[PDB]
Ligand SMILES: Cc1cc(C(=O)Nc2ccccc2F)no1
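First, one chain by itself in structure tokens, the form deposited without this ligand.
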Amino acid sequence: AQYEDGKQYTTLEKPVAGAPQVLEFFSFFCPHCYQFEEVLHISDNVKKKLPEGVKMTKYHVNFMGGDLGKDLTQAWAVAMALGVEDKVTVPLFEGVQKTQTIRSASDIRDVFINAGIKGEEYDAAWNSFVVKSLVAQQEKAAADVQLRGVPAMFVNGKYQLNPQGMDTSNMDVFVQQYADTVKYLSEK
């Protein structure tokens, strides 16, 4: 077969029922995740190869960065609750990994203020039980797959992308192989 278990993807031994159709995990501390966002735009290119309106879900993880890692999972919940993911993803990645200006929850909040989220609006969300629920959802989804590494993408709770088994001499070719694999898996 052109697509083979163990090559472009692996099959979960314990599939996860009722999972999101396309589920990505990342950390703002994760170096390949930085590439996946700013250099490769993996999520956008996957979406462009899937049918219109299909659910893509993207969740932050706790297991990198200690205290701040957990603050970032909560901030991602705020971003999802307010719908401002596209406004804060790049400045959070660059503040953690490029300028290293994010050292505290207050620095995370500054990114949202600078992106135009009002202070009262950010603080109300940060402390909301709706956001507590979104944090729990992010934790539960990672726990469902005993997630120990990012970037990770899961398709229908059954298949895990294997980018290590793709060619990376050409960055566009890699993105295309990755997106085409998600499409193939989604059609299984």
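Note that residue numbering begins at 1 and tracks the sequence as displayed.
Missing here is the form deposited with this ligand bound; even so, the following discussion is about that form.
Contact annotation: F93 falls within 4.5 Å of this ligand in the deposited bound form, judged by heavy atom distances. Remark: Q74 does not count among the residues lining this ligand in the deposited bound form, judged by a heavy atom distance of 4.5 Å or less. At the 4.5 Å threshold, heavy atoms of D180 stay clear of this ligand in the deposited bound form, well away from it. Within 4.5 Å of some heavy atom of this ligand in the deposited bound form lies at least one heavy atom of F26.
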